[PDB]
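A.B. asks:
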Amino acid sequence: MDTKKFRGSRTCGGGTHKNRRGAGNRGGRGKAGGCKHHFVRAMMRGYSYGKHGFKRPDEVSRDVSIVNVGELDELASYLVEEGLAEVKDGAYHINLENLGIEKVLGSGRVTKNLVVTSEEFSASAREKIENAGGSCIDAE
Amino acid sequence: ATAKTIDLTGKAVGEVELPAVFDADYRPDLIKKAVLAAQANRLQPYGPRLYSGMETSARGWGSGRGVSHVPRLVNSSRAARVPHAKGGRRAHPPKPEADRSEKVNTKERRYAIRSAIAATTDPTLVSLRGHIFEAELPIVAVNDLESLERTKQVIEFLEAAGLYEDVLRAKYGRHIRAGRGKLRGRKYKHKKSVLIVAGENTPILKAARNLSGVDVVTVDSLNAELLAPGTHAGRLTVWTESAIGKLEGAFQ
Amino acid sequence: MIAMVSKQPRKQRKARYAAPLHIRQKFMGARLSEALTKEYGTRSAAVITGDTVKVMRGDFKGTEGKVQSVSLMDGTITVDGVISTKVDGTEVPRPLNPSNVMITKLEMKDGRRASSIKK
RNA sequence: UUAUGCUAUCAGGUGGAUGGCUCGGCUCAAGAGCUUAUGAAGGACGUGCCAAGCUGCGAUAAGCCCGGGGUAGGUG
RNA sequence: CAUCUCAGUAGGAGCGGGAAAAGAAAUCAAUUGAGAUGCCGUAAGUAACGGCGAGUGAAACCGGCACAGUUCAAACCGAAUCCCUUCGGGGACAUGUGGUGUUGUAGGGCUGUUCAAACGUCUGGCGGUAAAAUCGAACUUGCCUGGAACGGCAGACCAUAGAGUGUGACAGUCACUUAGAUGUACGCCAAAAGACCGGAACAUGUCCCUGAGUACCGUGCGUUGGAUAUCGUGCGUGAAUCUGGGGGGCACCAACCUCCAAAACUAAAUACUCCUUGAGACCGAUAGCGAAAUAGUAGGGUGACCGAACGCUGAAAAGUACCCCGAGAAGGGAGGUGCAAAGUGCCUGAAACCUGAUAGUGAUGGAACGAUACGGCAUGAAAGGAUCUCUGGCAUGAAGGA
RNA sequence: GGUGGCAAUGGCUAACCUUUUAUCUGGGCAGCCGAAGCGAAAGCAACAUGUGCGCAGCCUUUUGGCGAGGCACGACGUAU
Ligand SMILES: [Mg+2]
Ligand SMILES: [Mg+2]
Ligand SMILES: [Mg+2]
Ligand SMILES: [Mg+2]
Ligand SMILES: [Mg+2]
Ligand SMILES: [Mg+2]
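Protein chains in written order, with the UniProt record's numbering: chain A, 1 to 140; chain B, 2 to 253; chain C, 1 to 119.
(1) Which residues does DSSP pair with B:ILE140 in a beta bridge?
(2) Answer yes or no: does any C-beta atom of chain C fall closer than 9 Å to that of B:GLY186?
(3) Would you mind giving the Cβ-Cβ distance between B:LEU237 and B:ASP167, rounded to the nearest angstrom? I have them listed as a contact below 8 Å.
(4) In angstroms, rounded to a whole number, what distance separates the CA positions of A:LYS51 and A:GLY70?
(5) Measure the CB-CB distance between B:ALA161 and B:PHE23 and report whether it falls below 9 Å.
(6) Please list, in chain order, all residues of the same chain as A:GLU127 whose beta carbon is under 8 Å from its beta carbon, the five residues on each side excluded.
(7) Closer than 7 Å by beta-carbon distance: list the chain B residues that pair up with C:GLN8, in chain order.
(8) Compare the C-alpha of B:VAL215 against each of B:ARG170, B:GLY61 and B:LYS108 and name the closest.
(9) Please classify C:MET28: is it buried, with 16 or more other beta-carbons within 10 angstroms of its beta-carbon, or exposed?
(10) On a CA-only basis, which of B:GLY54, B:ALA142 and B:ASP100 is nearest B:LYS12? Give me that one, please.
(11) Would DSSP call B:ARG111 helix, strand or coil?
(12) I need the straight-line Cα distance from A:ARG7 to A:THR16, nearest angstrom please.
(13) Residues in its own chain within less than 7 Å of B:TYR189 by CB, not counting five upstream and five downstream?
(14) How far does the alpha helix (DSSP H) with A:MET43 in it extend, from its first residue to its last?
(15) Looking at C-alpha atoms only, which residue of C:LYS119, C:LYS105, C:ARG112 and C:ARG113 is the closest neighbour of C:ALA35?
(16) Under 7 Å Cβ to Cβ from C:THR63, same chain only, skipping five residues before and after it: list those, please.
(17) Between B:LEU212 and ligand 7, is the CB less than 8 Å from at least one heavy atom?
(18) Relative to the C-alpha of B:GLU249, which residue among B:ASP8, B:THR10, B:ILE7 and B:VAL17 is closest?
(19) Between which two residues does the alpha helix (DSSP H) containing C:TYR40 stretch?
(20) Pick helix, strand or coil for B:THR232, following the three-state DSSP scheme.
(21) CA-CA distance, A:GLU140 and A:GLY33?
(22) Nearest to A:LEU96 by alpha carbon, out of A:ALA23, A:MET44, A:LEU72 and A:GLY30?
(23) According to DSSP, simplified to helix, strand and coil, what is C:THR63?
(24) With a threshold of 8 Å (Cβ to nearest heavy atom), would B:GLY88 be considered close to ligand 1?
(25) Round the Cβ separation of B:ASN42 and B:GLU103 to the nearest angstrom and send it over; I've been treating them as touching at under 8 Å.
(26) Relative to ligand 1, is the shortest distance from any of its heavy atoms to the C-beta of B:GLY48 smaller than 8 Å?
(27) Rounded to whole angstroms, what's the CA-CA distance from B:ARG66 to B:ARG185? Just pull it up for me.
(28) Going straight from the alpha carbon of C:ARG94 to that of C:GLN25, what length do you get?
(29) With a threshold of 8 Å, are at least 3 pairs of Cβ atoms found where one atom belongs to the region 50-60 of chain B and the other to the region 129-136 of chain B?
(30) Do B:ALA80 and B:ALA86 come within 9 Å of each other at the CB atom, strictly closer than that value?
(31) In this structure, does DSSP put C:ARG13 in helix, strand or coil?
(32) Between B:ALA2 and the rest of its own chain, which residues show a CB-CB distance below 8 Å, the 5 nearest in sequence each way excluded?
Spelled out as structure tokens, the structure:
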């Protein structure tokens, strides 16, 4: 706190000089007082007691990266500019495994012709891709 | 943009186009931040000894003895170990593990450096900042300035370029400091005259070295202290053609 | 010989105070007259008993005389003519400092003196 | 000439604050890093012309011999 | 508060060097890869543990610093080997000295062919590092003040040297230094160049060899994030050997991937500060180490052990001659030294406290020691006033108003 | 919180190297946060504007109109 603000105040913003003794003016040390006298604060902070669910090992689980069709469509010109994509006979041939994306979602609009190869496709993503005349290949 | 180039005789022998670093707006707060960060990073840890004032086995006498409740020596009545007792420890002293280094992002640090470099173009900032000069800012010199090897030649050039009165001002402004700093190594208070910039290491960094106030550096050694001593831009400086070449995209 | 890494006053005064007694011979240095410097090539020299000095600073500016004694530990020399009087009246030598004198006549009796002055 | 006293200032005593100075302390960095039965570190006693303490030294006792550096004084 | 935490902390016993420990996969991965160890960053307050409370708490992948691999036992040969020495000789050794050999998409020996010699050890000292140390520019110029110029006013120079200290007051040019160069015994390092043991492939197989109370397992306890899935070790039980054995976070079966334990050594990157050097938005004598060191001292305790205070004359001792008082080597007076008593624990020299003097008051008098207004007495030089202080006249005069 | 740099083609680097003595200049994409959520888990995967009221501001006959941000709906992803 601002020490110079309190030169000549005695109590230094604490009230009586009987406050600020030690751990008993805080109710215990740490998150102490779980549900006897700090129960309401315990519930509001996000420290409620309980155990709920299980965990799978991290060896087997994976966290897929995603990209929506709108995002993939809008930045296609920049992708071919960087040499990532390819523009043979007009339709963009864009491969998602060189970027680092394992699944294509479907939020947004698609207007350009896209030939997208990847591992996974939501149903709506495939519907939107092929309603614009494009094609999707399950990359293996 | 364009600026007159003057030889060692003081005659304009060309007109060189400046790079885009010199064309930027003045920003005092960024320069402030950069200079303060570097000066904070120079510092050096200090503090008392590990167990100072506490190597003791004092015990209190308790109540009933007619005296206070402070710890005292085992074979006497002299208080010890507490901050208000003579010879006792100090409450909240400095600590050697305190880390006082500051951080500045590279983009804003480069931006402050560019802002400080562009400030030397303005005659007003240079003039009101303390210096004395009779030249057309900015001062640009032909590349043979890196060939000078005797201090007398550098003095001749400075006299012919109207920048020697600042050197004399720095020489005669050297004066003894006041306070406890004299006993610790900082005996004088110096003044800042002129900064000479060269593209590459040459004998000029050894000739214009003893002149009072003059600091000579290469283009790859510019920071914010050199250009804003005390967080005030407007430092007299000299450049060369090679130095101008080095600054096409130097800090962008 | 103590390089620029000795810019702290504490270190310099330690070096000058607790010096080996063969280094305190160097602190007995004094300027040479014009002829001496242009015939030996050293801008200065050391003061030794038996040579004529010319006082340059203090109460005796311009008085000449021989050096009557030198003390290494004190760092002071004694000169002819320069004296102080007691209360009862007794002329006493007054110590000086060799950096306030000028050597006009060297005393060559060692033989090693010439080599000692230079190189 | 109102004594014993009260208040304020001045001169002096006692006392050792403040200021100025500081061969000391502390912290960080760079180096360097084992020794002793061929008797170590540490201790007791002795050793000086006048010498009690500390420092050095050991009945050859603030010390002896040789090589180099240094040059006119030395005797912590 | 008992499991938990404090914490493998404080403390103890043993061993030990300039470093130590570790270290060349019976490894980590996941479908397919990597390729000894240590230390730093991140993963991450995540997985995991837990009166599932408080709390405790990793590793692998990945990025860096620094890089280095090898030696035995056995299969084959059977004294072909080692060490001491008086150089005569003596000891070790068939219960095995020495040669070959050292590994996994197996290796080696036996049998046959080929290519020939990589890493390493020794001599060598070209050349570097290398003690005290040596050299190192340019003013001690004129007038003023002063006790004394490094200061003020004028003038003259140096700089690869304007870091700093000393000197009768502020010093690039007075001294030591600095920048930049030379010199060095004993030692250490090391390049050319010579000598020394020798290594790398291929073909053939009812052929021979490859680390035991060990690996694993039951059971108890400690420890761990280690959860039926960490490590240790008390007791008990206990294998195989290439057509083999181990691992892939509960046990078993199958497929697939990966390795070869129970013998040994090994530089560098790292940790620390008795000690040497450097630096400091550090302290400046009740501070900073307990100690500006006759300081672990004086002193205190039977003992384990606890533990202070004390810095400073002046430029130069020039450290008070001679005379009077006094019993005086006390001390005082007069008189000197010094710019100045600064007169010896002597720079400056505050307050409390004590002695004297000056102003006000005072032996009929009532108290938080003062604030405000009016008077007496004393002072009012500087730094405060001069249409200012005092006394009156005139003009305008708000609220109020006889 | 106050003040700043950069800005979905996002922001910042850590250890370390260049240090020429601790500064400093230039590298360093490992990694962290943001960019997609829901669910114990397997798993699945959304509006790059469809409607209205309307402040500031602008236009205007000074009464109305357009109306970023704001508020209220509608539609959609997932769990039950
Ligand atoms: Mg202390
Ligand atoms: Mg031992
Ligand atoms: Mg090992
Ligand atoms: Mg623990
Ligand atoms: Mg110098
Ligand atoms: Mg002390």
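We put the CB at the ideal spot given by N, CA and C, even for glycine.
C.D. replies: This is what the structure holds:
(1) Numbered from 1 along the second sequence, position 139 holds the residue referred to as residue 140 of chain B. B:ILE140 is bridged to B:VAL239.
(2) Position 185 of the second sequence, counting from 1, holds the residue named residue 186 of chain B. Closer than 9 Å: yes.
(3) Numbered from 1 along the second sequence, position 236 holds the residue referred to as residue 237 of chain B. Numbered from 1 along the second sequence, position 166 holds the residue referred to as residue 167 of chain B. Taking 8 Å as the upper bound for CB-CB distance, B:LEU237 and B:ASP167 are in contact here, some 6 Å apart.
(4) Here residue 51 of chain A refers to the residue found at position 51 when the first sequence is read from its first residue. Here residue 70 of chain A refers to the residue found at position 70 when the first sequence is read from its first residue. Straight through space, the alpha carbons of A:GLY70 and A:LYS51 are spaced by roughly 40 Å.
(5) Residue mapping note: residue 161 of chain B aligns to position 160 of the second sequence, counting from 1. Residue mapping note: residue 23 of chain B aligns to position 22 of the second sequence, counting from 1. Between B:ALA161 and B:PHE23, the C-beta spacing is not below 9 Å.
(6) Taking the first sequence and counting its residues from 1, one reaches residue 127 of chain A at position 127. Its chain contains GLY106 as the residues whose beta carbon lies nearer than 8 Å to that of A:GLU127, once the 5 sequence neighbours on both sides are disregarded; these appear in chain order.
(7) Within the third sequence, the letter at position 8 stands for residue 8 of chain C. Listed by position along chain B, the residues whose Cβ is nearer than 7 Å to that of C:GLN8 are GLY186.
(8) On the second sequence, residue 215 of chain B is found 214 positions in, with the first residue counted as 1. Closest option to B:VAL215, judged by alpha-carbon separation, among B:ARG170, B:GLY61 and B:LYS108: B:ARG170.
(9) As a working note, residue 28 of chain C is residue 28 in the third sequence. Around the CB of C:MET28, 16 or more other CB atoms lie within 10 Å, so the residue is classed as buried.
(10) Taking the first residue of the second sequence as 1, we reach residue 12 of chain B at position 11. Here the closest residue by C-alpha is B:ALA142.
(11) The residue labelled residue 111 of chain B in the question sits at position 110 within the second sequence. Note: B:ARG111 maps to helix in three-state DSSP.
(12) By one-based count along the first sequence, residue 7 of chain A stands at place 7. By one-based count along the first sequence, residue 16 of chain A stands at place 16. Straight across, the Cα-Cα distance linking A:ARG7 with A:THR16 is about 16 Å.
(13) Looking up residue 189 of chain B in the second sequence gives position 188. Short of 7 Å from the beta carbon of B:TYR189, and not among the five residues preceding or following it, lie these beta carbons of its own chain, in chain order: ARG175, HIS176, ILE177 and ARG178.
(14) Within the first sequence, residue 43 of chain A is the residue found at index 43, counting from 1. Unbroken alpha helix (DSSP H) run through A:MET43: 39-45.
(15) Taking the third sequence and counting its residues from 1, one reaches residue 35 of chain C at position 35. Among C:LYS119, C:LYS105, C:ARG112 and C:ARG113, the Cα nearest to that of C:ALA35 belongs to C:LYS105.
(16) On the third sequence, position 63 is the one that residue 63 of chain C refers to. Within its own chain, the residues whose Cβ lies closer than 7 Å to the Cβ of C:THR63, once the five positions on either side in sequence are excluded, are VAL55, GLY81 and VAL82, listed in chain order.
(17) The model on display carries ligand 1, ligand 2, ligand 3, ligand 4, ligand 5 and ligand 6 but not ligand 7.
(18) Position 248 of the second sequence, counting from 1, holds the residue named residue 249 of chain B. For B:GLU249, the closest C-alpha among the options B:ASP8, B:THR10, B:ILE7 and B:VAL17 is that of B:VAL17.
(19) Residue mapping note: residue 40 of chain C aligns to position 40 of the third sequence, counting from 1. Under the DSSP assignment, C:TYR40 falls in the alpha helix (DSSP H) whose first and last residues are 34-40.
(20) If you number the second sequence from 1, residue 232 of chain B lands on position 231. Coil, per DSSP.
(21) Here residue 140 of chain A is taken as the residue at index 140 of the first sequence, counted from 1. Here residue 33 of chain A is taken as the residue at index 33 of the first sequence, counted from 1. Cα to Cα, A:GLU140 sits roughly 56 Å from A:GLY33.
(22) Reading the first sequence from its first residue, position 96 is the one you call residue 96 of chain A. Of A:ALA23, A:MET44, A:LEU72 and A:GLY30, the residue nearest in Cα terms is A:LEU72.
(23) Here residue 63 of chain C refers to the residue found at position 63 of the third sequence. In the structure shown, C:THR63 sits in coil (DSSP, three-state: anything other than H, G, I, E or B).
(24) One-based indexing of the second sequence puts residue 88 of chain B at position 87. In terms of side-chain proximity, the C-beta atom of B:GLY88 is found nearer than 8 Å to a non-hydrogen atom of ligand 1.
(25) Taking the second sequence and counting its residues from 1, one reaches residue 42 of chain B at position 41. Taking the second sequence and counting its residues from 1, one reaches residue 103 of chain B at position 102. In this structure B:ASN42 touches B:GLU103 by the C-beta definition: roughly 6 Å separates them, less than 8 Å.
(26) Within the second sequence, the letter at position 47 stands for residue 48 of chain B. A distance criterion of 8 Å places the beta-carbon of B:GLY48 beyond contact range of ligand 1, judged by its closest non-hydrogen atom.
(27) Position 65 of the second sequence, counted from the start, is the residue given in the question as residue 66 of chain B. Position 184 of the second sequence, counted from the start, is the residue given in the question as residue 185 of chain B. Whole-angstrom Cα-Cα distance: 48 Å.
(28) Working through the third sequence from its first residue, we reach residue 94 of chain C at position 94. Working through the third sequence from its first residue, we reach residue 25 of chain C at position 25. Distance between the alpha carbons of C:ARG94 and C:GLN25: 20 Å.
(29) No, they do not touch.
(30) One-based indexing of the second sequence puts residue 86 of chain B at position 85. One-based indexing of the second sequence puts residue 80 of chain B at position 79. Taking 9 Å as the cut-off, the beta carbon of B:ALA86 is found closer than this to the beta carbon of B:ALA80.
(31) For the purposes of this step, residue 13 of chain C is taken as residue 13 along the third sequence, with counting starting at 1. Here C:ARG13 sits in helix by DSSP.
(32) Here the question's residue 2 of chain B lines up with position 1 in the second sequence. Result list for B:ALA2: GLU18, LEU19, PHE23 and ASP24, in chain order.
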